[PDB]
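Given as structure tokens, the chain that follows is alone and in the form deposited in one PDB entry.
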């Protein structure tokens, strides 16, 4: 098991000495190491489970990282830098520059207190610029979520001093000309064209970013569900009814009666959705214009039609970012 090879004091690749576990995910774990062959630099090493699905994603991630890091050697667009990779007792291990805490861990460890709006603005801008760089290079991330946005530095007292981020986890990233998996994204961040199996591309990341920004603002998801039908019902309650053209195209005709979701609003699930969800703008905590600007951007990211949906190039110009400029 991975447990036998990921302990503090263990030495990987004859140079990386584990000093701590940073986090875990479905894929394995990430550990902080001292690199004895780079003057004691601390690095992060992602130790990948020895399971086909995850080995395959790691191999994919290595190839995407080699491309992105070569294309952007200064990390101007804030994708994490891969230093090397190796195998250890049959596990793929990817070595990265050491970043700080995930945005998820930060919010969680603060009891789900939301980020300050000023920090949201800076973070949102950087996420948009980073993912736009993927988009420019015929890539879609597909698995954006707060866990995959990390702070660059440990620049906090937790109270944040500088909110600079990088994007991680390129194990699901897909090239335009590549086989597109049927199911992508973590459910709460998954776009409607994904759910409805309508085909997806870069716009599905923009949907995911909208969902991230809501979460940073509120401390919680507006899609608190583990079911696809209920997810769609929540969308309807927050954003209005889905477009006819999307309903008519879906092979998932089951879900709809005459271009309305086949959903009993008076059932237990129906009552739950009516309580937890409401029109997007009603979640605003202030009527101040900077909050209205954020919510206007989020509404455009959560456009149902992936063609009409704002692009990240466009998002970077939105009025919400004017305080940075």
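Only the largest set of C-alpha atoms that superpose within 1.5 Å between the two forms is called the rigid core. Residue numbers count along the first chain shown, from 1.
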| property | result |
| --- | --- |
| Segment of higher mean CA temperature factor, 173-181 or 96-104 | 173-181 |
| Of 261-269 and 65-73, the one with larger mean CA B-factor | 261-269 |
| From 207, 112, 133, 151, residue of greatest CA B-factor | 112 |
| Criterion, highest CA B-factor; candidates, 190, 244, 78, 141 | 244 |
| Residue 35 - which third its CA temperature factor falls in, relative to the rest of the chain | lowest |
| Lowest, middle or highest third - CA B-factor, residue 162 | highest |
| Residue 89 - Cα temperature factor, lowest/middle/highest third of chain | highest |
| Third of the chain's Cα B-factor distribution that residue 116 belongs to, per the entry | middle |
| B-factor third for the C-alpha atom of residue 255 within its chain | highest |
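The same protein also has a form deposited in another entry, omitted here; what follows describes it.
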property	result
Out of 259, 32, 56, 296, the residue that alone shifts its CA by 2 Å or more between the shown form and the other one when the rigid core is the reference	259
